[PDB]
Amino acid sequence: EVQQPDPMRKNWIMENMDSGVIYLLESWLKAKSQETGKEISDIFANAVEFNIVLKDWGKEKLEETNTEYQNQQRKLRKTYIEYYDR
């Protein structure tokens, strides 16, 4: 069963999330993207990884997780490339 590597980007879904905070967050994004010219999903990803993961996990465990992913993805891509020229 030949798993694809992840696409660069995809939709992220948070189920059953508080509406008040949804509104808070969409407001913040809209402001930040108005002040900045940058896409929402970019402001958000970046906020997620500095303000949330980096703050709580520290730079080391973050780099290790990222590395682990980069690794998995590289294997998947190699397995997928070999599977597919035939």
# chains A, B, ... in the order shown; residues from 1 in each chain; ligands from 1

$ select_by_dssp --residues "range 10-74 of chain A" --states "helix (DSSP H, G or I)" --output "MDAnalysis selection string"
chainID A and resid 19:34 40:74

$ write_last_selection --atoms "N, CA and C atoms" --output "compact mmCIF listing (two decimals), in the first residue's frame"
# COMPACT_ATOMS: atom_id res chain seq x y z
N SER A 19 -16.62 29.14 19.34
CA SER A 19 -16.92 30.28 18.46
C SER A 19 -16.35 31.63 18.87
N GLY A 20 -16.52 32.05 20.12
CA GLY A 20 -15.82 33.24 20.64
C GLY A 20 -14.36 33.32 20.21
N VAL A 21 -13.62 32.23 20.42
CA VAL A 21 -12.20 32.22 20.04
C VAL A 21 -12.05 32.19 18.51
N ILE A 22 -12.95 31.50 17.79
CA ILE A 22 -12.90 31.56 16.34
C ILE A 22 -12.95 33.00 15.92
N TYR A 23 -13.94 33.73 16.43
CA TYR A 23 -14.06 35.16 16.12
C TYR A 23 -12.83 35.99 16.52
N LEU A 24 -12.37 35.82 17.73
CA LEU A 24 -11.12 36.43 18.15
C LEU A 24 -9.99 36.19 17.14
N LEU A 25 -9.82 34.93 16.75
CA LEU A 25 -8.72 34.54 15.90
C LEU A 25 -8.88 35.08 14.49
N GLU A 26 -10.06 34.96 13.86
CA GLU A 26 -10.30 35.51 12.53
C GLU A 26 -10.10 37.00 12.49
N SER A 27 -10.53 37.71 13.55
CA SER A 27 -10.24 39.14 13.72
C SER A 27 -8.77 39.49 13.72
N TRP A 28 -8.03 38.76 14.56
CA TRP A 28 -6.60 38.99 14.67
C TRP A 28 -5.93 38.82 13.28
N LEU A 29 -6.26 37.71 12.59
CA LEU A 29 -5.71 37.36 11.28
C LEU A 29 -5.98 38.45 10.26
N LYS A 30 -7.25 38.83 10.19
CA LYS A 30 -7.71 39.85 9.28
C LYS A 30 -6.91 41.14 9.50
N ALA A 31 -6.73 41.53 10.77
CA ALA A 31 -5.94 42.73 11.14
C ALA A 31 -4.50 42.57 10.70
N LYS A 32 -3.93 41.42 11.03
CA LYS A 32 -2.53 41.15 10.79
C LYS A 32 -2.24 41.09 9.30
N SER A 33 -3.19 40.56 8.55
CA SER A 33 -3.03 40.45 7.12
C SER A 33 -3.29 41.77 6.42
N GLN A 34 -4.18 42.60 6.97
CA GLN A 34 -4.32 43.97 6.53
C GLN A 34 -3.10 44.84 6.80
N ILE A 40 -3.15 34.89 5.23
CA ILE A 40 -3.69 34.43 6.51
C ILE A 40 -2.99 33.15 6.96
N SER A 41 -2.96 32.14 6.09
CA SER A 41 -2.43 30.80 6.42
C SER A 41 -0.96 30.82 6.77
N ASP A 42 -0.22 31.72 6.12
CA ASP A 42 1.17 32.05 6.49
C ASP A 42 1.35 32.78 7.85
N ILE A 43 0.56 33.81 8.08
CA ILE A 43 0.58 34.47 9.40
C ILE A 43 0.31 33.43 10.46
N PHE A 44 -0.64 32.53 10.17
CA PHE A 44 -1.13 31.58 11.15
C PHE A 44 -0.09 30.48 11.43
N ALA A 45 0.33 29.78 10.38
CA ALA A 45 1.40 28.79 10.51
C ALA A 45 2.55 29.38 11.33
N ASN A 46 2.99 30.56 10.95
CA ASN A 46 4.14 31.12 11.60
C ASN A 46 3.86 31.40 13.10
N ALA A 47 2.64 31.88 13.40
CA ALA A 47 2.21 32.14 14.77
C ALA A 47 2.12 30.84 15.53
N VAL A 48 1.64 29.81 14.85
CA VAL A 48 1.54 28.53 15.51
C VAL A 48 2.89 28.03 15.92
N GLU A 49 3.92 28.29 15.13
CA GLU A 49 5.12 27.58 15.44
C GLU A 49 6.07 28.35 16.35
N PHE A 50 6.12 29.68 16.24
CA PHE A 50 6.77 30.51 17.28
C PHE A 50 5.98 30.64 18.59
N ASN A 51 4.77 31.15 18.48
CA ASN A 51 4.07 31.54 19.71
C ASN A 51 3.49 30.38 20.49
N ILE A 52 3.19 29.26 19.82
CA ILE A 52 2.67 28.13 20.49
C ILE A 52 3.69 27.03 20.64
N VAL A 53 4.19 26.45 19.56
CA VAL A 53 5.01 25.28 19.77
C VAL A 53 6.37 25.62 20.33
N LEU A 54 6.98 26.69 19.83
CA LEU A 54 8.33 27.02 20.26
C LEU A 54 8.32 27.40 21.72
N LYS A 55 7.39 28.28 22.11
CA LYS A 55 7.21 28.71 23.50
C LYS A 55 7.01 27.52 24.46
N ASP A 56 6.14 26.59 24.10
CA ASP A 56 5.89 25.45 24.98
C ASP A 56 6.92 24.31 24.92
N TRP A 57 7.48 24.01 23.75
CA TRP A 57 8.41 22.89 23.60
C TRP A 57 9.89 23.29 23.63
N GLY A 58 10.17 24.55 23.31
CA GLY A 58 11.55 24.97 23.15
C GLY A 58 12.14 24.58 21.80
N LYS A 59 13.27 25.20 21.45
CA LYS A 59 13.81 25.16 20.10
C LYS A 59 14.28 23.78 19.70
N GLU A 60 14.61 22.96 20.70
CA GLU A 60 15.24 21.65 20.49
C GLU A 60 14.27 20.58 20.06
N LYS A 61 13.23 20.39 20.86
CA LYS A 61 12.21 19.41 20.55
C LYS A 61 11.45 19.82 19.26
N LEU A 62 11.30 21.12 19.04
CA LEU A 62 10.71 21.60 17.80
C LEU A 62 11.55 21.15 16.60
N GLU A 63 12.86 21.34 16.70
CA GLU A 63 13.74 21.03 15.60
C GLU A 63 13.75 19.53 15.40
N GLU A 64 13.65 18.78 16.48
CA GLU A 64 13.63 17.32 16.36
C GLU A 64 12.35 16.82 15.71
N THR A 65 11.23 17.45 16.03
CA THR A 65 9.96 17.01 15.44
C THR A 65 10.00 17.29 13.93
N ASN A 66 10.31 18.54 13.57
CA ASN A 66 10.47 19.01 12.21
C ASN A 66 11.38 18.10 11.45
N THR A 67 12.50 17.71 12.07
CA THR A 67 13.49 16.86 11.43
C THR A 67 12.90 15.49 11.13
N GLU A 68 12.25 14.92 12.15
CA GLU A 68 11.53 13.64 12.04
C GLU A 68 10.55 13.67 10.87
N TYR A 69 9.85 14.78 10.69
CA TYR A 69 8.89 14.86 9.60
C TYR A 69 9.62 14.89 8.26
N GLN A 70 10.56 15.81 8.15
CA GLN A 70 11.41 15.94 6.99
C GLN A 70 11.95 14.57 6.60
N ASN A 71 12.38 13.81 7.59
CA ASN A 71 12.83 12.44 7.37
C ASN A 71 11.77 11.55 6.80
N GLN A 72 10.63 11.45 7.48
CA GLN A 72 9.58 10.56 7.01
C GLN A 72 9.25 10.92 5.61
N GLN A 73 9.18 12.22 5.33
CA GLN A 73 8.69 12.66 4.04
C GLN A 73 9.67 12.25 2.97
N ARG A 74 10.96 12.30 3.29
CA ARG A 74 12.00 11.95 2.33
C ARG A 74 11.92 10.47 2.02

$ atom_distance --atom1 "CA of residue 4 in chain A" --atom2 "CA of residue 76 in chain A"
6.6 Å

$ atom_distance --atom1 "CA of residue 79 in chain A" --atom2 "CA of residue 8 in chain A"
17.6 Å
